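Engineer: sequence-free structure coming up:
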């Protein structure tokens, strides 16, 4: 059964999310923000993120770059590239205790394999 | 309350009016952080001043309609939409991207005067 249920539940809202977001120039951190209400569970959110990310790549306005140069990949490859380095947890604690953690929004803003460009 | 800034930006203000509701609709729906309000207006113009003016119109309308409230250190501070605009304008970056990869999105994430709290239209619980 794995994650099939989660995929089914996300596919119920995919078209809605795409028709809202396809309209804007959103960085990946902002796509993450748009699916955060899907679930409180990090792995479920991660699954929703990738479903929306691949679909936006498929439609063609979302392109990705690193170091100012556009990089070409299939939606499937992009998903494999981001999963390979995806944070183990939604937050990483500050090595100085009690200080602000690093979150997945931040990771997508400064430690991602690639960045949205138009 | 720079009347002179208002004079100079009247035209951008008028042009932004025709996408305001759509942008309001979008940001209310997903309860987006201020850094994503900036991303929402990005496509409006390639110009930094024009984008900044769009940002503040959207920001103020959300505050004015009571959808958005702003918090610092885990507590909401009460200001009028105009007061909050001035607080943000006073410290607003000079460039969309810091000269030399720091940008306005990042500033709105980690060094903003305050941070978004979304008030549910139905019965009024808060999303932090």
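Structural biologist: On my side now, so go ahead. Numbers count the residues shown, from 1 in each chain, chains lettered A, B, ... in the order given.
Engineer: Which of the helices or strands spans the residue most central in space within chain A?
Structural biologist: The centroid of chain A falls nearest to residue A:49 when counting by Cα atoms, centre = their mean (4.3 Å). Taking DSSP states H and E as the criterion, residue A:49 maps to helix A:42-59.
Engineer: what does chain A put close to chain B?
Structural biologist: Residues of chain A lying close to chain B by Cβ under 8 Å from any Cβ of the partner chain are A:20, A:23-27, A:29-30, A:33-34, A:37, A:105-106, A:109-110, A:118. Heads up, the C-betas are built off the backbone N, CA and C, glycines and all.
Engineer: for the closest residue to residue A:47 other than its chain neighbours, what are its contacts?
Structural biologist: Leaving aside its sequence neighbours, residue A:47 sits nearest to residue A:6 (Cβ to Cβ, 6 or more residues apart in numbering or on different chains; 5.0 Å). By Cβ atoms under 8 Å, 6 or more residues apart in numbering or on different chains, the contact list for residue A:6 reads A:39, A:44, A:47, A:48.
Engineer: quick one: which of those has the most company?
Structural biologist: residue A:48 (26 neighbours; other Cβ atoms under 10 Å in any protein chain shown).
Engineer: Now do the same for residue A:15: helix, strand or coil?
Structural biologist: Using DSSP: H, G, I helix; E, B strand; the rest coil, the structure places residue A:15 in helix.
Engineer: Give me the neighbour count for the closest residue to residue A:36 other than its chain neighbours.
Structural biologist: Once flanking residues are discounted, residue A:36 sits nearest to residue A:45: 6.5 Å by Cβ to Cβ, 6+ apart. Neighbourhood size, residue A:45 [other Cβ under 10 Å]: 20.
Engineer: Just the helices from chain A, written as ranges.
Structural biologist: Under the criterion DSSP state H, chain A carries helices at the ranges A:4-21, A:28-35, A:42-59, A:75-85, A:104-110.
Engineer: mind checking how far the residue nearest to residue A:36 is from chain B?
Structural biologist: 13 Å (Cβ to the nearest Cβ, to the nearest Å).
Engineer: My read is that that residue contacts residue A:39, right?
Structural biologist: Yes. When contacts are counted by Cβ atoms under 8 Å, residue A:45 is listed as touching residue A:39 (5.4 Å).
Engineer: Of the helices of chain A, which stretch is the most buried?
Structural biologist: helix A:28-35 (a mean of 23; mean count of other Cβ atoms under 10 Å in any protein chain shown).
Engineer: For chain B, see how far away residue A:72 is.
Structural biologist: Distance from residue A:72 to chain B, by Cβ to the nearest Cβ: 22 Å.
Engineer: Next up, phi/psi of that residue, please.
Structural biologist: Residue A:72 has phi and psi values of phi -100, psi 130 when expressed as degrees, to the nearest 10.
Engineer: Done for today, thanks.
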